[PDB]
Amino acid sequence: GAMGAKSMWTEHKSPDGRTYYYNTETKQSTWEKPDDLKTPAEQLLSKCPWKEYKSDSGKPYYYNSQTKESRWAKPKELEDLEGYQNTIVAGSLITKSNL
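Residues numbered from 1 in each chain as written, not as in the entry; some residues may be left out. Heavy atoms only, no water.

Naming follows the PDB entry, where the protein chain appears as Pre-mRNA-processing factor 40 homolog A of Homo sapiens. The title field of the PDB entry reads "Structure of the WW domain tandem of PRPF40A".

It is worth spelling out the environment of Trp-31 at this point. Among the secondary structure elements, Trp-31 is positioned in the loop between β3 (29–30) and α1 (40–47). We classify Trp-31 as exposed; its relative accessible area is 57%. With residues near it in sequence (within four places) discarded, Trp-31 still touches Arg-18, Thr-19 and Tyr-20. (Helix = DSSP H or I, 4+ residues; strand = E, 2+ residues; numbered from the N terminus. Buried < 20%, exposed > 50% of the residue type's maximum accessible area, 1.4 Å probe, protein only. Contact = heavy atoms within 4.5 Å.)

Right, let's talk about the sheet that holds strand β6 (residues 70–71) for a bit. Spatially, β4-β5-β6 is the arrangement adopted by the three strands of the open sheet, whose pairing is antiparallel. Each edge of the sheet is formed by a strand with only one pairing partner; in this case those strands are β4 (50–54) and β6. (Pairing = 2+ DSSP bridges.)

This part covers the domain arrangement of the protein chain. Structurally, the protein chain comprises domain 1 (7–34) and domain 2 (38–99). Centre-to-centre, using C-alpha coordinates, domain 1 lies 22 Å away from domain 2. (Domains from an automatic or database assignment.)

On to a nonpolar patch on the surface, then. Side chains of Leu-44, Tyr-84 and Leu-93 sit close together on the surface and give an oily, nonpolar patch of about 240 Å² of accessible area. By the element assignment, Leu-44 lies in helix α1. (Patch = residues over 30% accessible without salt bridge, like charges linked within 9 Å, V, L, I, M, F, W, Y side chains within 5 Å. Areas by Shrake-Rupley, 256 points an atom, 1.4 Å probe, with all protein chains shown as cover. Salt bridge = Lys/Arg side-chain N within 4 Å of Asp/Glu carboxyl O.)

As structure tokens, then:
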């Protein structure tokens, strides 16, 4: 989503709960989350070494892309990101180029 584009990506779930994404325009299929369907914060999270993913139980776990470490507890580094995620919808960073 981009407040105009319809993304053109669709989410589908196979019998075992595993998900794949389908682009209705180009008919491309991918097993990874498109950047278009990542919120600015999610894109930010994707660029920081900690990322959140959901287990089939619905329980999240946190993976460090740099050190390959995995923990069930929230790292403070991401907490500072979580605080910033609240800030996005209360500031409009897309108009940071405007006074």
